[PDB]
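Below you will find one chain, with nothing else, as structure tokens; this is the form deposited in one PDB entry, and questions on how it binds or moves follow later.
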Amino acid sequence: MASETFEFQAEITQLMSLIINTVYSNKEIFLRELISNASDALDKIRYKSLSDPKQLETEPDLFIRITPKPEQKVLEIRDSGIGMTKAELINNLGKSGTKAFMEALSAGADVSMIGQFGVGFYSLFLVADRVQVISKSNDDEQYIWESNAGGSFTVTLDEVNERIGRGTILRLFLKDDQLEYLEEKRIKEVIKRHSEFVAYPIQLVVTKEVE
């Protein structure tokens, strides 16, 4: 099952290198950005369902779900939002609040403004050196978008991951010095601090040994 490869627009590669290498000390804000994007995608599928309730049937429950996978150094953020088709994955993450945000950064803006420029997605490279976006839109098959902060990304039909009824999984491959965010206490703390007003249940998946 072959993967297709695509090149990032110049201003994206720049931003991503301008973030994976940063020594900025408030790295935890990535989670607010991802939760926000999730909330948005949920809003869209819900708004859409107003004039077509059948859209919900692929996944009746509207939720945000966070799943640490410590043994893999992975953190997953899932939502049952509207999702993205193959074309949307290729196009959407391929533009500029970018150049303008980079300019604000140069002038001393705090990285946390990133979401204001509509490019908060890339805040994930604060804690991760690699990401897979797994997405299922009602209008397409499930696909995997993958990037390692480099200049190119891949898109591949998904034949290896669990079936999403509908929506998106952000699978973050955390940096060796950020395993921090695999911990339940740490995670809940970050959520309480920046995501107080979310209209959708935020679920935490925790694995505990029975003793």
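In this text, residue numbers run from 1 along the sequence as written. Here, rigid core means the biggest group of C-alpha atoms that superpose within 1.5 Å across both forms.
FYI, the form deposited in another entry isn't displayed, but the following is about it.
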### Task
Have a look at 82, 134, 128, 114 and give me the residue whose C-alpha moves 2 Å or more between this form and the one not shown, with the fit done on the rigid core.
114
#### Entry: Exceeds or equals 2 Å, Cα of residue 45 between this form and the one not shown, core fit
no
#### Entry: Rigid core superposition, residue 32 Cα moves 2 angstroms or more between this form and the one not shown
yes
### Query
Relative to what is shown, are the Cα atoms of residue 87 and residue 117 closer or farther apart in the other entry, where the gap shifts by 3 Å or more?
farther
### Task
Please say whether the CA atoms of residue 111 and residue 180 come closer or move farther apart in the other entry, knowing the change relative to this form is 3 Å or more.
closer
